[PDB]
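The chain below stands alone and is given in structure tokens; this is the form deposited in one PDB entry.
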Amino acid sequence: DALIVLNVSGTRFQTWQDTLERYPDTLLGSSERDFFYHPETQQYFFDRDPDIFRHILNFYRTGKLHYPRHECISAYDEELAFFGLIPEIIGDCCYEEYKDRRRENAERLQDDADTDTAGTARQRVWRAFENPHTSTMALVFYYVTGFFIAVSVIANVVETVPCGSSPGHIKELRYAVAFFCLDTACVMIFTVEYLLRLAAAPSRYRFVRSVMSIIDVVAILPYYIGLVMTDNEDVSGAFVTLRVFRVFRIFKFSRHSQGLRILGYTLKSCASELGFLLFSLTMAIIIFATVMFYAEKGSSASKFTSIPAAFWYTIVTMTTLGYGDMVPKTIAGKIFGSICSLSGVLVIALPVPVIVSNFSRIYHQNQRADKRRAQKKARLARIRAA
């Protein structure tokens, strides 16, 4: 029939009734439209902003609703909810960018959700060795356990040097019981700290099933297995394995290193990429080892005695090591080793970009989170000052 004016605050909008009444489910398609009617002015006064109302009216005109890139999603979805609209009908070309903006905002939302849980006898000491700067004695425990881990690692390394603990002489007086005593002490502090952590843990199951607890137990257990086995003499064999397993104490530094935890998280995130790396690596290794073995099988004194023996050459060449203990001597072997070097470079460089990008993005998340916390504290102080 005619056109009605439905002005937003300040800027006026006018449209035909039939277009406005196409969708009766929304606020503007129902009796709420008649509710906003004003006397002697016939203007539907909405106390909102006109920019989003432009898109709302555009959605009313066509069957398509868009999303302006240069706008705040909070205001956008506030105007959507206020006008009885849903975020699931905003086209498809604009829908993906809207989802990207929503996920970027939700990242901050769950960051604040993790922040606000900051906050009783026993668990107090659990709060001690959970943030090293909460107290002074907790920091003392932190530094003491770090020093003990370091001294244990250093002693384990030094135990094998000649004239330090292994004699190079024949009949002269150089072992040390002091190394055993130092190992006993280090294991004592390690197990005491682990037992205190287990006792102070609010949830025994969550603590025990955690990666750090299993790392601690696999670091401390070898000493106990060794003392148990000493009842069955000191025969070699598994003794070498027990000696090897003592290097796992260096993994306890992940409490003292944020970078170690970031690297663990970025290795967890790229599990598919590392799996593809391993699969393509072993596929290329098998192919090139087979080709190299069959090319170098019939030499004078070739070290390519089998495909498993060619695995060594293939892995040395693909990583661009080039020890030189196994080199091809035939034309075909040389050609295929030349191809193998470049192909291994390509295989290795395939997922390194993804690993780098994930590590960089996690690192940037860490700095963005700490910067957000600091700036939020500063803003709270500034707004409290006024």
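A residue's number is simply how far along the shown sequence it sits, counting from 1. For the two forms, the rigid core is made up of the largest set of C-alpha atoms that agree within 1.5 Å on superposition.
Counting the deposited residues that fall between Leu173 and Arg174 and carry no coordinates gives a value of 4 to 9.
The following text describes the form deposited in another entry, which does not appear among the structures shown.
With the core fitted between the shown form and the other one, just one of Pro308, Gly298, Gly168, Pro202 shows a Cα displacement of at least 2 Å, namely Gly168.
Relative to the superposed rigid core, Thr136 undergoes a CA displacement smaller than 2 Å between the shown form and the other one. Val235 is among the residues whose C-alpha shifts by 2 Å or more between the shown form and the other one once the rigid core is aligned.
In that other deposited form, the CA atoms of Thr191 and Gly164 move apart by 3 angstroms or more relative to this form. Contraction of the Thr241-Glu233 CA spacing by 3 Å or more is recorded in that other deposited form, set against this form.
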